[PDB]
Amino acid sequence: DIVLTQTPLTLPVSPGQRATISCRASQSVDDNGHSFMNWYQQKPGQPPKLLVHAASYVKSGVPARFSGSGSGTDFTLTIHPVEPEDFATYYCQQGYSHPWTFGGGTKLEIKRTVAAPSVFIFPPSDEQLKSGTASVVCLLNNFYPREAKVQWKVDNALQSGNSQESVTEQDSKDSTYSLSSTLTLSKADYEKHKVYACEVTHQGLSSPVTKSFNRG
Amino acid sequence: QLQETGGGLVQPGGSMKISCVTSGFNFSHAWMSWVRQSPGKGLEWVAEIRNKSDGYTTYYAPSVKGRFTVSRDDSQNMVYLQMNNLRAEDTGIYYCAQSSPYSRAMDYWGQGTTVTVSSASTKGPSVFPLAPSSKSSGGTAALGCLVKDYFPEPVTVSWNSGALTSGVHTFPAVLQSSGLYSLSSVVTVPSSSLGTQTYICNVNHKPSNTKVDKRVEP
């Protein structure tokens, strides 16, 4: 199957600037002077929409600031300038041979200035503890850019494989993200330790921030 | 122009048939495809059926061939997907689309129907408080609700029956290894409000037809 390496996964663009989205195919998708690479746009809760077919042929009604280019194994979708309605996910798709395959997607995100997260930690409720599980929640609020490392430490032991992160879409007013990191332990494991700490590293912070509490 | 139906809940090993009604173009001439989207596996092509002139030739993604069957009925402008021996990996939004003979692009997609494949029984969430911390720097406190162990998606969360919207962040669900979903909803409020203002999250879960209101205090 023809694998499509679409880069990047997430692409910051300032409004007004150029967005350049690449798609490499693992072999050629050319035949008889046609390059069979198609591009789509998808917004949350909506179907994809065809933008470009045969590499460079913009579908009728699609604005001129969209252009497709490339051949053989390397293809490009450029958006210049990026208008606020253009922020969405984009996919490349080869129509050379079955099975039809898609790239992994490129989300255009609004570039804005760096904003450090506000960090908060929440013990599990006494109510949840009654049921037999303990969820410890670390909140990073209103930050940019998206990339941030959240480490959990439990009596100074670094935690591995018992936490899950979830991130909101960019806020419509300020273009920041928020993120939750949730550490899930049994009531048993929770009770064995005292100090619970969430360490956050983000480029907006000069040094990492730790929020912690003692069980009590 | 295109509209899918038939999606819902089913257990691994089970079967489901979905359909797609179309209009606004010559259906009998068109090639039609199914494509599915699993949150965090992007778009995956599933099946194709053509005709235009001859064959009703069918093509399948390797990982569903034999299990899945695409058919059509030209007289009703209907495409069908019969899915047997379903696995959790098949969970997704399934879209029907018109495949172009030129570029093999997919030209006009429906809104999609979701197929969810799991052993989990439908269950409303347990809702726990994320209590504001005592003390503190700028006079803002964050608080929230942990909405845990429900199936299937989705839940909706509001605050104080829709009267509190500024600074609310409701995170996307994560599917836990139990097969149940979990998320949190948070909001930031003035520290000075915490004695005088009550803060309640309203969690609605349509598939269980349940509504849970939880007060979150110090």
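Residue numbers begin at 1 in each chain, while the letters A, B, ... track the order of the sequences. Quick note: numbers below take in every heavy atom, side chains included, and nothing from hydrogens, waters or symmetry partners.
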Verify the distance criterion only: is there a donor paired with an acceptor across the side chains of [X] and [Y] at less than 3.5 Å?
| X | Y | value |
| --- | --- | --- |
| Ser185(B) | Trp159(B) | yes |
| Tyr177(A) | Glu169(A) | no |
| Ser135(A) | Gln128(A) | yes |
| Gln170(A) | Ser175(A) | no |
| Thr116(B) | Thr91(B) | no |
| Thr101(A) | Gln94(A) | yes |
| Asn141(A) | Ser178(A) | yes |
| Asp149(B) | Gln176(B) | yes |
| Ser15(B) | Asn84(B) | yes |
| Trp100(A) | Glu48(B) | yes |
| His53(A) | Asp107(B) | no |
| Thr78(A) | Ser67(A) | yes |
| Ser158(B) | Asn202(B) | yes |
| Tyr108(B) | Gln98(B) | no |
| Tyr95(B) | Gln111(B) | no |

Test log, rule side chain to side chain donor-acceptor pair (under 3.5 Å), inputs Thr106(A) and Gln6(A): CA-CA 7 Å; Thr106(A) 294; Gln6(A) 189 180 337; 2.9 Å; yes
What pair of heavy atoms forms the shortest contact from [X] to [Y], and how long is it?
| X | Y | answer |
| --- | --- | --- |
| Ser208(B) | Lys123(B) | CB-C, 4.3 Å |
| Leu130(B) | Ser184(B) | CD1-OG, 3.8 Å |
| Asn38(A) | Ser103(B) | ND2-O, 3.2 Å |
| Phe151(B) | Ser121(B) | CD2-O, 3.5 Å |
| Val216(B) | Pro132(B) | CG2-CD, 4.0 Å |
| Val62(A) | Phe66(A) | CG1-CD1, 3.5 Å |

Is the backbone of [Y] close enough, under 3.5 Å, to the side chain of [X] for a donor and an acceptor to pair up by distance?
| X | Y | value |
| --- | --- | --- |
| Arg112(A) | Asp174(A) | yes |
| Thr113(B) | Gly7(B) | yes |
| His80(A) | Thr20(A) | no |
| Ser26(A) | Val3(A) | yes |
| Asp155(A) | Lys194(A) | yes |
| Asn160(B) | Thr198(B) | yes |

Strictly below 4.0 Å, N to O, side chains only: are [X] and [Y] in salt-bridge contact?
| X | Y | result |
| --- | --- | --- |
| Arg65(A) | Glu83(A) | no |
| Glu127(A) | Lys214(B) | yes |
| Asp213(B) | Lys211(B) | yes |
| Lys192(A) | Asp189(A) | yes |

How long is the straight-line distance from [atom2] of [Y] back to [atom1] of [X], given to the nearest 0.5 Å?
| X | Y | atom1 | atom2 | value |
| --- | --- | --- | --- | --- |
| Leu140(A) | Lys149(A) | CG | NZ | 12.0 Å |
| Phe143(A) | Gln203(A) | CZ | CD | 11.5 Å |
| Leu183(B) | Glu153(B) | CG | CD | 7.0 Å |
| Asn77(B) | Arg72(B) | CG | CZ | 9.0 Å |
| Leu146(B) | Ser125(A) | CG | OG | 7.5 Å |
| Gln93(A) | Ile2(A) | CD | CD1 | 10.5 Å |

Between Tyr94(B) and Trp34(B), does the ring centroid distance fall short of 6.0 Å? no
Determine whether the aromatic ring centres of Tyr40(A) and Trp109(B) lie less than 6.0 Å apart. yes
Side-chain touch [X]/[Y], heavy atoms, less than 4.5 angstrom:
| X | Y | answer |
| --- | --- | --- |
| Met16(B) | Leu86(B) | yes |
| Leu81(B) | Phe68(B) | yes |
| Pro62(B) | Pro99(A) | yes |

The test is side chain to side chain donor-acceptor pair (under 3.5 Å); show your working for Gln159(A) and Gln151(A) and say whether it passes. CA-CA 7 Å; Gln159(A) 302 299 300; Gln151(A) 301 229 268; over 6 Å; no
Does the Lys NZ or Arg CZ of [X] fall within the cation-pi geometry relative to [Y] - under 6.0 Å from the ring centre and within 45° of the axis?
| X | Y | result |
| --- | --- | --- |
| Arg215(A) | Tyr190(A) | yes |
| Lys148(B) | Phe128(B) | no |
| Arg24(A) | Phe75(A) | no |

For the pair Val46(B) and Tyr60(B), evaluate side chain to side chain contact (heavy atoms under 4.5 Å, CB included) and give the outcome as yes or no after the intermediate values. CA-CA 6 Å; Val46(B) 175; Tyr60(B) 298 93; over 6 Å; no
Apply side chain to side chain contact (heavy atoms under 4.5 Å, CB included) to the pair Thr182(A) and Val136(A), showing each step before the final yes or no. CA-CA 6 Å; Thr182(A) 302; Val136(A) 196; over 6 Å; no
Quick check on ring-ring contact (aromatic ring centres under 6.0 Å, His included): which of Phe122(A), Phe120(A), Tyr196(A) does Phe213(A) satisfy it with? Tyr196(A)
Working note: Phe102(A) + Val35(B), criterion side chain to side chain contact (heavy atoms under 4.5 Å, CB included); need CA distance, chi angles, decisive distance, verdict. CA-CA 10 Å; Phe102(A) 291 85; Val35(B) 179; 4.1 Å; yes
Check the surroundings of atom NZ in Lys153(A): do more than 12 heavy atoms from other residues, nucleotides or ligands lie under 6.0 Å from it? yes
Determine the interplanar angle of the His98(A) and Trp45(B) rings, folded into 0 to 90°, and report it as parallel if under 30°, tilted if 30 to 60°, perpendicular if over 60°. tilted
Show your reasoning for whether side chain to side chain contact (heavy atoms under 4.5 Å, CB included) applies to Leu183(A) and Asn162(A). CA-CA 6 Å; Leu183(A) 174 70; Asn162(A) 50 2; 3.4 Å; yes
